[PDB]
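Next up is one chain by itself, shown in structure tokens, the form deposited in one PDB entry.
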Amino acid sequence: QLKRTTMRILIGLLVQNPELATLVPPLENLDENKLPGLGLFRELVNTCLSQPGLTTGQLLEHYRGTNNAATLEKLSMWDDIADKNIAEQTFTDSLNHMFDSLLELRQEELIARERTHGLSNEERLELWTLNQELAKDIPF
């Protein structure tokens, strides 16, 4: 009866449909500490890209023995996301929500940085840009 969250959907859908990994943009320069589940998601995407065509069982086997194995097992049997017809649309929708979340975190970071240290011209333009566009047992 797992409740839906952005990272649960992304990781769950990827485990159940590893071919979805090809839809993910490069995540190399993201800070996994800013978003629970992001580090795991990025690991899974890299595994899938390393072995095109791998099945769900082959993906889960690669992660046997890791500290996330039990969580991926649960997401692999999570039938709330099991529908194949809407899987891809749900994946790309949730991808955008994840990056939306990172935008909101960055805006909050720049606001805090502005009070404590002030902003550079580049950072102040970034904050202005964010303000305009943002106005318009599983641990994640």
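Residue numbers here begin at 1 and follow the sequence given. The term rigid core refers to the maximal set of C-alpha atoms that superpose within 1.5 Å between the two forms.
- The gap between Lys136 and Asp137 holds 10 or more unmodelled residues of the deposited sequence.
- Taking only CA atoms, the mean B-factor in the PDB entry is higher for 64-72 than for the other of 64-72 and 86-94.
- Of the two stretches examined, 112-120 and 16-24, the record assigns the greater average C-alpha temperature factor to 112-120.
- Going by the entry's values, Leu30 shows the largest Cα B-factor out of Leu30, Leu40, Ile81, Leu102.
- Per the deposited record, the Cα B-factor of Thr129 falls in the lowest third when ranked against the other modelled residues of its chain.
The same protein also has a form deposited in another entry, omitted here; what follows describes it.
- Summarising the superposition on the core between this form and the one not shown, the listed residues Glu109, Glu73, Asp80, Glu88 contain exactly one with a Cα shift of 2 Å or larger, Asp80.
- In the other entry, the Cα positions of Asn17 and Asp80 lie at least 3 Å nearer to each other than in the form displayed.
- Relative to the displayed conformation, the Cα-Cα distance from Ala82 to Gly37 grows by 3 Å or more in the other entry.
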